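The chain that follows stands alone, in the form deposited in one PDB entry, written as structure tokens.
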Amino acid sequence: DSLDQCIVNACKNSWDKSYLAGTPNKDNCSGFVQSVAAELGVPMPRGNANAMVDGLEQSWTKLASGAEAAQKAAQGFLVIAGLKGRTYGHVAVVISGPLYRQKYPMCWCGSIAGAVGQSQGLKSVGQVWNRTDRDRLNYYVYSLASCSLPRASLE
């Protein structure tokens, strides 16, 4: 029912899927983003989190802040938070919601690291990422909103 409901729905539905067959999305940050993007019909760079960040860096509009990221997600756009790693990077889906410490937007993500890198919408990016990394995040937004108009039957 909210304007961005399709984002949260795609996050929820992608959680137990395995974009990389044999590897649950909750244990695979890249696969979880791929599955969300595919449910939304949003074309997404392939490969691991690092290669995905490279692709988004080349093609997607980069947002100025985490605040701005939650604002776009609230309008029904797919918003990816990403940061390259020395060995492994990490990507998450930004969702609308109160900012953590007035700065870091709520997110969904899986992770091969386990519970520390996982969020079912209950952690912000500033809790998922290390405190040295959370101020260094890149927020990329797709060029068209994914969600549709609310139902005509709505009051």
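We number the residues from 1 along the sequence you see.
When the C-alpha B-factors of 106-114 and 125-133 are averaged, 125-133 comes out higher. If you average the C-alpha B-factors over 138-146 and over 11-19, the higher value belongs to 138-146. Per the PDB entry, 99 shows the highest C-alpha temperature factor of the residues 40, 49, 44, 99. Remark: of 120, 34, 58, 28, 58 shows the highest value [criterion: C-alpha B-factor in the PDB entry].
Sorting the modelled residues of the chain by their CA temperature factor places residue 69 in the middle third.
Here the subject shifts to the form solved in complex with a partner chain, a form of this protein not shown in this document.
Among the residues 65, 61, 120, 127, the one placing a heavy atom within 4.5 Å of the partner chain in the deposited bound form is 127. Within 4.5 Å of some heavy atom of the partner chain in the deposited bound form lies at least one heavy atom of residue 112. When the partner chain is considered in the deposited bound form, residue 57 lies well away from it, no heavy atom lying within 4.5 Å. Contact between residue 29 and the partner chain in the deposited bound form is found at the 4.5 Å heavy atom cutoff.
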